[PDB]
Amino acid sequence: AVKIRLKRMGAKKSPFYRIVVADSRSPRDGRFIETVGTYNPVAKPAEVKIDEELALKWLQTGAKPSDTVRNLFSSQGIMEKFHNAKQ
Amino acid sequence: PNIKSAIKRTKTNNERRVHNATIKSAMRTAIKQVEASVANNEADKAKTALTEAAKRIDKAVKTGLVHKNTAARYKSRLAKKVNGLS
Amino acid sequence: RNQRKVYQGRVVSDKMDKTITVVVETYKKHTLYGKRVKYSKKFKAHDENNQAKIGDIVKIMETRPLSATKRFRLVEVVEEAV
Amino acid sequence: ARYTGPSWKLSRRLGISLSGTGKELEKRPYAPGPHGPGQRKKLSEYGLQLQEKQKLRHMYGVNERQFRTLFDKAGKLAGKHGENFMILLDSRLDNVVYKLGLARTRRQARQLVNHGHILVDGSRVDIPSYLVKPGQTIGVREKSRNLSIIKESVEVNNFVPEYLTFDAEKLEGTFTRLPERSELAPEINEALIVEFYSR
Amino acid sequence: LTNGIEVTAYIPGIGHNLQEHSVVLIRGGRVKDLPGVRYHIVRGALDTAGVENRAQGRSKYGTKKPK
RNA sequence: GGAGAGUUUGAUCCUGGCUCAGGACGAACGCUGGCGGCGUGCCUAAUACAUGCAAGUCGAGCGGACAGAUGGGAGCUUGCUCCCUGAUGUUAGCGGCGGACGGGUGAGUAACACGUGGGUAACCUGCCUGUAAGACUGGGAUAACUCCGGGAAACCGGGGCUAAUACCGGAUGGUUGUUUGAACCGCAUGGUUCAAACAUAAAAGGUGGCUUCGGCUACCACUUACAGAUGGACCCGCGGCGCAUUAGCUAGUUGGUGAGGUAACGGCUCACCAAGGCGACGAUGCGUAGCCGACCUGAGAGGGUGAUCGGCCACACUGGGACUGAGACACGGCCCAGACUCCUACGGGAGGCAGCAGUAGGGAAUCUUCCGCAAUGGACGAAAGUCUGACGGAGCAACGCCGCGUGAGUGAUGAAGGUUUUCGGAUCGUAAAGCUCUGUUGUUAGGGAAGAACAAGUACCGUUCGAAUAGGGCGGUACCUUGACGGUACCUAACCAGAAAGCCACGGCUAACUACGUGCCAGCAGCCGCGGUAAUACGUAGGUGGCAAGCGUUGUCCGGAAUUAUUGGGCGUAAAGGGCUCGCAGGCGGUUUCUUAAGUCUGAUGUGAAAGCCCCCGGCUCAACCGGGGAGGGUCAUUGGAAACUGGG
């Protein structure tokens with residue numbers, strides 16, 4: 001299935017993450033479908049960039065975000081727009 | 001096999017093979033009957049055999065043993081040869 | 001409706017039933033020296049009625065494989081051989 | 001690594017004062033070792049280019065790899081290659097603290113910086129090669145405002161260049177603008193340096 | 001050599017301890033004036049001892065630093 | 001955006017090679033060696049592998065065992081004891097999903113394998129979203145568990161019993177098949193929509209709540225159709241190695257008819273017909289090689305490389321085969337054959353590190369039989385959670401890049417001592433010593449992150465189901481829980497200049513000279529060349545120079561090399577005109593006009609993944625490094641235009 005998940009970038013001890021749309025089977029740091037944003041958990045506060053338009057497009061196609069990405073989308077208010085669109 | 005799951009998969013694999021063979025054999029048997037009834041020109045038996053051939057073919061598809069396209073091809077082939085009788 | 005590759009070319013063989021060997025010719029630049037060289041590509045085409053004879057300038061369109069080597073169909077015979 | 005050997009002989013070998021004051025060329029203004037006094041030999045073009053390179057390098061106390069890498073960086077900047085190169089060398093933190101007069105010599109300065117006695121915009125920076133940028137304020141940490149050695153330098157020091165500004169009361173300097181090379185050591189013929197590396 | 005090739009190798013330095021069956025390490029480098037001598041034996045590698053009493057350019061002759 | 005130098009001679013100019021100054025590395029070797037950050041580390045034997053781990057999960061699909069025990073009887077020693085089936089718990093087995101991903105290697109492969117641009121009206125797609133319609137009625141088995149035989153066991157056969165969301169009939173179905181009508185539209189086969197008849201083909205329950213106990217309902221699961229998304233399959237244009245001391249190759253080969261087979265076109269296979277197909281625009285054969293993004297080099301054109309990271313392909317002890325499945329002809333699956341290895345009681349069994357560590361061997365040469373699932377990502381589950389040698393960390397190696405140390409100031413009396421000396425002196429030399437100063441680092445204390453987002457669980461809000469004021473789903477909102485790294489980073493304080501500099505070179509190219517020993521010996525050497533009793537070239541010593549926790553040597557690639565010259569060279573005498581003609585193919589071709597639009601130029605559109613190189617910003621104390629935004633890139637494709645030149649008429 002198509003997932004919205006975190007790709008780990010950066011270096012030892014300084015993790016940086018891209019939110020990419022990817023087939024579940026693909027390796028974590030390998031083939032992906034489309035980049036949707038970035039996530040820097042080490043910074044204070046965690047910097048989060050998301051492209052709403054793209055995020056919603058995939059959510060509506062049925063790509064499920066991973067647990068952490070789901071948390072990100074909630075705090076950014078992406079899940080609200082998704083629920084409301086379906087109603 | 002080394003992994004416990006692999007051992008069960010080997011047993012399961014052979015059991016499913018046996019069952020499928022019965023189902024696939026019956027389906028082929030039915031096709032043969034229809035082809036026999038066309039060589040000797042017997043519409044009624046051929047026409048009733050064709051229903052039985054259709055039965056067997058579609059039964060294999062329900063389970064998944066034969067692909068939809070493969071079944072369609074068989075049925076088309078058999079149905080046209082039966083029209084040749086009349 | 002996407003279009004297939006078209007090739008205007010010249011028939012070179014017609015000895016096979018329903019099959020013509022078209023050839024397409026063009027000037028391609030040489031990779032290192034830049035001189036334009038004659039490049040010729042042969043194509044097997046399908047023509048059911050055997051219209052095109054050896055020498056005709058025929059237009060062919062790409063198709064699904066029709067045999068081991070045939071991948072095109074004769075569309076028209078633009079100019080018949082004299 | 002960092003040259004911890006005798007200082008004067010470098011000045012003597014190069015025929016310029018590396019401290020800028022003069023005192024290394026008073027008694028023996030000639031190369032070190034027993035062949036210095038007698039010999040008055042002339043240098044080839046390669047010798048002159050190399051000698052000029054060593055003039056700038058030893059003045060600022062930088063190793064060759066770091067020195068050469070910095071030269072390439074100046075390369076990309078707009079304007080005169082040699083001029084830009086010398087601006088970067090002056091921007092080194094150990095140099096800037098020395099020019100502001102917190103240390104009598106560059107070696108002393110570098111040890112102040114290396115040991116962590118300097119602040120740059122309130123934050124500790126213990127790296128001599130730090131490339132001070134225009135606007136930043138160089139200060140001494142509170143723990144080291146009252147170091148004997150730095151007090152000495154602040155009194156004796158005269159003439160802080162025009163591109164810098166200093167406040168002996170607060171012990172905090174500012175890098176207000178770029179040198180522009182008119183202010184910088186004229187002994188150096190930067191033209192030779194650019195040539196030296198084109199080899 | 002381990003690849004079956006037979007080569008002539010020059011032994012640099014003053015004096016050596018090589019005999020037949022000594023296992024040695026060779027490196028590239030011809031000896032200009034020795035026809036057919038195209039390799040050097042590395043002093044101080046495998047059986048070849050360093051050079052005795054060598055004090056300058058020791059690294060080139062496999063001589064450890066004396067005290 | 002492009003530098004040259006030495007060397008043929010008595011001297012010179014040319015030609016011509018050789019050598020050197022630069023950059024790079026998965027490097028190795030010698031000497032030496034303080035630390036930190038970030039990367040990298042079997043390049044050879046795709047050689048053989050001891051040992052441990054690397055794929056499980058679900059009790060909310062199913063039965064049976066085993067515990068657990070609220071209470072009843074219980075027999076008596078107040079010491080315990082059963083015998084149900086409490087709840088509850090555990091799972092050997094059946095069943096579902098997973099195991100086709102993740103991970104490894106580069107042996108094979110010169111090929112639609114790969115790159116690029118298209119095409120499929122010749123295709124398939126579990127899980128994931130959306131839409132719509134359902135989930136009716138019956139039945140027979142079988143593992144587990146028991147008993148028999150073989151076997152030391154492992155394990156291997158037979159008789160009997162029992163369940164399912166396992167399996168199988170029948171009912172109703174929009175798919176599918178046959179036949180028949182229409183409507184419209186393509187690129188030949190044709191495509192899309194509607195309609196009719198006939199024939200086939202579905203499904204499953206589980207958990208919780210509420211019930212008048214019939215059942216209703218939410219969620220998960222199940223069946224069918226249609227879309228979407230994702231993934232895969234096939235075809236085609238073009239591109240990318242050497243050899244002609246490899247010239248003919250092919251016989252299902254090349255087409256056709258028919259049948260079979262495939263998810264699907266197709267000699268894909270077969271039978272029957274015809275003799276065709278490929279090739280000097282390099283077929284065939286031999287050799288060599290995974291391909292690419294990219295990386296190194298260069299002014300560029302080019303040349304080299306294809307390690308780390310990403311994409312695709314191929315492979316899994318060797319060879320073949322098929323089964324299960326949405327997906328394999330399957331690394332840790334099965335069958336057969338071969339090579340090899342292991343256990344044994346000699347009855348019979350068992351295995352495949354090119355998974356992570358590790359061992360042996362080969363080699364000049366490359367690591368720990370480590371910690372943790374805390375983070376990220378997978379598989380299973382309703383969830384808790386289980387699994388995960390993917391991954392996140394730590395360990396070893398100066399292997400590489402970056403950063404910082406090994407002290408700072410003053411200091412002549414220019415001390416002692418070493419070296420040299422024309423014996424005056426010079427030189428190591430402000431260098432020591434002395435006085436003062438610092439604590440990066442080290443040592444010792446104290447404090448100490450971030451990386452953590454969560455989830456479940458309840459409690460509220462909105463909304464959606466529902467009979468519900470029940471209970472769920474979806475979104476929002478409190479509260480709680482969790483760190484391998486690691487008491488690491490980082491911070492603070494105190495003590496101590498104390499522990500922390502080596503390597504190569506100094507005749508010219510090339511920055512850096514003297515003394516002594518040696519006497520064509522010992523030796524040196526990248527090139528010219530040194531050395532045969534005054535060696536700045538050998539060895540040592542002093543000093544100096546170039547670098548610096550590195551420094552040299554060797555090996556490999558590019559440059560310099562215009563030395564394969566497209567950019568950008570030559571052939572009278574330096575190497576180089578065929579002994580000469582005729583001539584097939586090929587290459588090239590006079591002038592005017594018209595036409596065409598293959599080459600050519602041009603507009604628009606599409607495409608050239610991420611990382612990387614370049615530009616601009618920002619975060620690590622700086623730098624390396626990390627991150628964001630752009631730029632750039634093709635003899636590319638679709639579709640218009642121009643007509644001077646080339647090509648066709």
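What counts and how
- Residues numbered from 1 in each chain as written, not as in the entry; some residues may be left out.
- Chains lettered and ligands numbered in written order.
- Part of a larger assembly, values for the part shown.
- Heavy atoms only, no water.
- Helix = DSSP H or I, 4+ residues; strand = E, 2+ residues; numbered from the N terminus.
- Buried < 20%, exposed > 50% of the residue type's maximum accessible area, 1.4 Å probe, protein only.
- Near = heavy atom within 4 Å.
- Polar contact = N/O pair within 3.5 Å; in protein donor to acceptor, adjacent residues only side chain to side chain.
- Nonpolar A, V, L, I, M, F, W, Y, C, P; charged D, E, K, R; others polar.
- Arc of directions from axis to C-beta.
- Contact = heavy atoms within 4.5 Å.
- Pairing = 2+ DSSP bridges.
- Axes fitted to C-alpha atoms, helices over the stretch in contact; angles between N-to-C directions.
- UniProt positions renumbered as here; feature names shortened; annotations may be inferred.
- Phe/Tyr/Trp six-rings, centres within 6.5 Å; stacked < 30°, edge-to-face > 60°.
- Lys NZ or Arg CZ within 6 Å of the ring centre and 35° of its normal.

Per the deposited record, determination of this structure is attributed to cryo-EM, with the resolution reported as 2.9 Å.

1. Thoughts on the overall build of chain D
Of regular secondary structure, chain D possesses eight helices and five strands. Along chain D, from the amino end to the carboxyl end, the secondary structure elements read α-α-α-α-α-α-β-β-β-α-β-β-α. Its C-alpha atoms give chain D principal-axis dimensions of about 50 × 40 × 30 Å. With 199 residues in all, chain D has 41% of them scored as buried.

2. A short note on the protein's contact with RNA strand F
The environment of RNA strand F is formed by 198 residues, the closest being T68 and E80 of chain A, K11 of chain B together with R104 and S198 of chain D. Taking all atoms of RNA strand F within 4 Å of the protein, the share assigned to sugar and phosphate is 80%. In the environment of RNA strand F, a sugar or linking oxygen lies 3.2 Å from a nitrogen or oxygen atom belonging to the side chain of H67 of chain B. At a separation of 3.2 Å, a sugar or linking oxygen of RNA strand F approaches a polar side-chain atom of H35 of chain D. Per element, the largest residue contribution to the surface near RNA strand F is 14 residues, and it comes from helix α1 (residues 4-39) of chain B. Looking at the surface near RNA strand F residue by residue, the class counts come to 58 nonpolar, 64 polar and 76 charged.

3. Focus on helix α8 (residues 190-198) of chain D
Residue and element names in this part refer to chain D. Every buried residue belonging to α8 is among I193, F196 and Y197, and all of these are buried. Taken end-on, α8 shows its buried residues confined to a sector of 85°, consistent with a single buried face. Turning to α8, the residues buried within the fold contact α2 (45-60), α3 (64-76) and α4 (81-91).

4. Topic: the pairing of strand β5 (residues 172-175) of chain D
Residue and element names in this part refer to chain D. Side chains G173 and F175 project from β5 onto a buried face, and the interleaved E172 and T174 project onto a face without burial. Strand direction decides the pairing type here: strand β3 (residues 137-140) and β5, joined by three bridges, are antiparallel. For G139, the partnering residue across the bridge sits in β5 and is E172. Here strand β4 (residues 164-165) hands over to β5 after six residues, with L171 in that stretch at a positive phi of 55°.

5. Here's the deal with the side chain of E52 of chain D
Residue and element names in this part refer to chain D. With respect to the helices and strands, the residue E52 is situated in helix α2. Take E52: its relative accessible area is 5%, and that puts it in the buried class. Dropping the residues within four chain positions of it, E52 is found in contact with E187, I188, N189, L192 and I193.

6. Examining the environment of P161 of chain D
Relative to the assigned elements, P161 of chain D resides in the loop between α7 (148-156) and β4. Distance in space between the C-alpha atoms of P161 of chain D and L184 of chain D is 8.9 Å, their sequence separation being 23 residues.

7. Some words on unusual backbone geometry
Cis geometry marks the peptide bond from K44 of chain A to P45 of chain A; its omega dihedral reads -5°. Mapped onto the elements, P45 of chain A comes out in the loop between β3 (34-40) and β4 (47-50). If you check the backbone angles, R181 of chain D has positive phi at about 90° while not being a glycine. Structurally, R181 of chain D can be placed in the loop between β5 and α8. Even without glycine at this site, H21 of chain E takes up a positive phi of about 80°. Here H21 of chain E is to be found in the loop between β1 (8-10) and β2 (26-28). Judged by relative accessible area, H21 of chain E falls into the exposed class, the value being 79%.

8. Considerations on the sheet that holds strand β1 (residues 2-11) of chain A
Residue and element names in this part refer to chain A. Taken together, five strands build an open sheet; the order of strands is β4-β3-β2-β1-β5 and the sheet is mixed. The sheet is open, and its two edges are formed by β4 and β5 (64-65), each paired on a single side. The pairing of β1 with β5 spans two bridges and is classified as parallel. Looking at β5, one finds that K3 is bridged to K64. Here helix α1 (residues 52-61) sits on the sheet in contact with β1, β2 (14-23), β3, β4 and β5, set at roughly 120° to β3.

9. Details of the UniProt feature "domain: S4 RNA-binding" in chain D
Sequence positions flagged by UniProt for "domain: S4 RNA-binding" are, in local numbering, residues 91-154 of chain D. Across residues 91-154 of chain D, helical content stands at 41% and strand content at 14%; the span's end C-alpha atoms are separated by 20 Å.

10. Re the arrangement of the chains
With no contact between them, chain A and chain B keep their nearest C-alpha atoms 21 Å apart. There is a gap between chain B and chain E: no contact, and a shortest C-alpha distance of 42 Å.

11. Considering the packing of aromatic side chains
A complete count under the given rule lists ten aromatic pairs over all chains for this structure. Ring geometry for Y7 of chain C and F43 of chain C: centres 5.0 Å apart, planes at 40°, overall tilted. Of this pair, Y7 of chain C sits in strand β1 (residues 6-16) while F43 of chain C sits in strand β3 (residues 36-46); the two residues are 36 residues apart in sequence, bridging distant segments of the chain. Overall, the relative accessible area of 23% leaves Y7 of chain C in the partly exposed class. Given the relative accessible area of 13%, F43 of chain C is considered buried. Pairing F67 of chain D with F85 of chain D gives two aromatic rings, centres 5.0 Å apart and planes at 75°, and the pair type is edge-to-face. Highlighted residues: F67 of chain D in helix α3 and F85 of chain D in helix α4, separated in sequence by 18 residues. Judged by its relative accessible area of 1%, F67 of chain D falls in the buried class. Exposure remark for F85 of chain D: the relative accessible area of 2% places this residue in the buried category. Through successive ring pairs, a cluster of aromatic residues spans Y46, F67, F71, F85, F196 and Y197 of chain D. A cation over an aromatic ring shows up here: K28 of chain C above the ring of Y39 of chain C, its NZ or CZ 4.1 Å from the ring centre. The ring of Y61 of chain E is capped by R54 of chain E, whose NZ or CZ atom sits 3.8 Å from the centre of that ring.

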